[PDB]
Ligand SMILES: CNC(=O)c1cc(C(=O)N[C@H]2C[C@@H]2C)cc(Cc2ccccc2)n1
C-alpha cells in the first residue's frame, strides 16, 4: 500500500486476485508465457507486457507513487489483451469482466 489512495488501490488489487473473481481473473495472474502458449508474435505486438503479479510486486516495492500510476499498469494489462486477441476470444470476455470490476471500484477512490 502507501498513501490513502494507494491503500484503496491495494484493496482493489487484493479483490482482483481473490477467489471471488478467479473464474475470469486467472489469465491475468502471471506474465503471458508467449512461448508456452505458442504465441510467437506476442512480444512483437505487445511492447510493454503487464499482469497482476507484476502490479503486486510494484505495490509491495512501493514503486507506485500515486493511484494514477497503479491504474495505468492495470489498464495497460487489459489494453494488451484487447490489442493481441481477436475480440471473440474467451480471454477478451474475461478481460472485459475483470476491467468492469476494476473500473467500478477504482471510481470509488476516496478524495
Ligand atoms: C492475457 N492472456 C492472453 O492474452 C491469452 C492469449 C491467448 C491466445 O491463445 N491468444 C490467441 C488468440 C490470439 C491470436 C491464450 C491465453 C490463455 C487463455 C486460454 C483460454 C481462456 C483464457 C485464457 N491467454
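Just so you know, all these numbers are worked out from the coordinates, no wet-lab data involved. We place every Cβ from the backbone using ideal geometry, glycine too, and count neighbours over all the protein chains shown.
Peptides 70-79, 24-33, 99-108: what's the order by average Cβ count within 10 Å, highest mean first?
Going by the mean number of other Cβ atoms within 10 Å, highest first, we get 70-79, 24-33, 99-108.
With each run of n ≥ 4 DSSP H residues scored as -39500 (n - 2.57), what mean residue ellipticity at 222 nm is computed for the chain after dividing by its residue count and rounding to the nearest 500 deg cm²/dmol?
Theoretical 222 nm ellipticity from helices: -18000 deg cm²/dmol.
Quick one: length gained pulling residue 108 to residue 96 fully straight, 0.36 nm per residue minus the C-alpha distance?
Computed gain between residue 108 and residue 96 is 2.4 nm.
Okay, which of segment 83-104 sit inside 19 Å, backbone N to the point 7 Å along the Cα-Cβ direction of residue 53?
Only 95 fall inside the zone, counting backbone N under 19 Å.
If you project the alpha carbons of the chain onto the principal axes, what extent comes out on each, in Å, largest first?
Computed over the Cα atoms, the extents are 42, 25, 21 Å.
So, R0 is 41 Å and r is the distance between the beta-carbons of residue 61 and residue 88; what FRET efficiency does that work out to, to 0.05?
That gives a FRET efficiency of 0.65.
When the convex hull of the Cα atoms of segment 1-54 is projected onto a plane and the area is averaged over all directions, what value comes out in nm²?
4.7
What is the helix-to-structure angle for 67-84, meaning the angle in degrees between its Cα long axis and the longest Cα principal axis of the chain, kept from 0 to 90 and rounded to the nearest 10?
Helix 67-84 and the main axis of the chain meet at about 10 degrees.
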